[PDB]
Ligand SMILES: C[C@@H]1COc2c(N3CCN(C)CC3)c(F)cc3c(=O)c(C(=O)O)cn1c23
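Protein chains in written order, with UniProt numbering: chain A, 194 to 318; chain B, 193 to 318.
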């Protein structure tokens, strides 16, 4: 029935490339510049979804988010470029004044603690 | 016979002429030795530290660009693993994932990096 467009079936959204085949386990750069993903059943991704070992975050419209994003009073940072969540890493502040540290589980360290070894190796908790 | 396919040492500095005899100038070159080289506007081969297109690089006495950690004048620096460009004002992971190393804006390693943490969690490194 559908073709080359988002299609809502039984309360769920799917996408049918310009040939009548619904995308399953497939990313797609929509005509709106946003990125969408469809799981094995063709369903449009919504919310935090893990795809190929990398975590992503889609809003309620199914559009992938990038950059800082708040999720239940806690921040995360999805690669401004690729969208994949960053973890155990330092992200430079917007005004290049400093850095924010993302714990190994994606969450922002509101209060990161450092300890410097004699050679300068920085360990964070 | 004009020079072709070789590094030519002309009274003083080093140069390189490709197979058609062109003198490489203001451009890189990946030699048959797996090394990258760079030449002046005058085609002189690069030695030591060179700033090329707003990025720093380090070549050995022989012109070969270096990558990774290099100690220069008793202080450590970190050249990109592939790119080779000198990293600065950034944190590099140690080879064993244990922690990190901070490279100052001037490229040098930080012995005693000083930390400051804002209320929201913003980190400042002196
Ligand atoms: C595709 C590549 C790879 O290598 C290059 C380089 N560099 C090669 C050396 N590395 C360390 C930095 C990139 C460059 F600076 C400019 C050009 C460049 O200008 C060019 C071109 O065709 O015009 C082609 N090449 C170029």
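Quick reminder that beta carbons are idealized off the backbone N, C-alpha and C, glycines included.
In the three-state reduction of the DSSP assignment, residue 282 of chain A falls in the strand class, which pools E and B. In this structure residue 231 of chain A touches residue 216 of chain A by the C-beta definition: roughly 4 Å separates them, less than 8 Å. Residue 207 of chain A has its alpha-carbon roughly 41 Å from the corresponding atom of residue 285 of chain B.
Distance from the CA of residue 293 of chain B to the CA of residue 304 of chain B, rounded to the nearest whole angstrom, comes to 10 Å. Not one heavy atom of ligand 1 sits closer than 8 Å to the Cβ of residue 248 of chain B. Within the same chain, Cβ atoms closer than 6 Å to the Cβ of residue 318 of chain A are found at 306, the five residues on either side in sequence being excluded.
Distance from the CA atom of residue 267 of chain B to the CA atom of residue 243 of chain B, rounded to whole angstroms, is 19 Å. The Cβ atoms of residue 218 of chain B and residue 210 of chain B lie no closer than 9 Å to each other.
With fewer than 16 other beta carbons inside 10 angstroms of its own, residue 289 of chain A counts as exposed. Under the three-state reduction of DSSP output, residue 270 of chain A falls in the strand class. Boundaries of the beta strand (DSSP E) around residue 221 of chain A: 219-222. With respect to the C-alpha of residue 201 of chain B, the residue from B:237, B:281, B:299, B:313 having the closest C-alpha is B:237.
The beta carbon of residue 269 of chain A does not come within 9 Å of any beta carbon belonging to chain B, so the residue lies off that interface. Counting along the chain, no beta strand (DSSP E) covers residue 244 of chain A, and no H or E run does either. The contact set of residue 293 of chain A on chain B, defined by CB atoms closer than 9 Å, consists of 312, 313, 314, 315 in chain order. For residue 302 of chain B, the closest Cβ of chain A is nearer than 9 Å.
Between the C-alpha atoms of residue 226 of chain A and residue 259 of chain A there is a straight-line separation of about 13 Å.
Per DSSP, residue 260 of chain B is one residue of the beta strand (DSSP E) stretching across 260-264. Sorting B:310, B:308, B:262 by C-alpha distance to the C-alpha of residue 299 of chain B places B:262 at the top. Taking the Cα positions, residue 246 of chain B is about 29 Å away from residue 277 of chain A. Apart from the 5 residues on each side of it in sequence, residue 280 of chain B sits with its Cβ closer than 6 Å to the Cβ of 295, 297, 299 in its chain, given in chain order. Per DSSP, reduced to three states, the secondary structure at residue 295 of chain B is strand. The alpha carbon of residue 205 of chain B has as its nearest neighbour, out of B:224, B:220, B:234, the alpha carbon of B:234. In this structure, the C-beta of residue 222 of chain B approaches ligand 1 to less than 8 Å from one of its heavy atoms. When A:311, A:315, A:314, A:256 are compared, the shortest CA-CA separation from residue 224 of chain A is found for A:256.
Just so you know, the alpha carbons of residue 220 of chain A and residue 240 of chain A end up roughly 15 Å apart. Considering only A:229, A:273, A:274, the residue with the shortest C-alpha distance to residue 253 of chain A is A:229.
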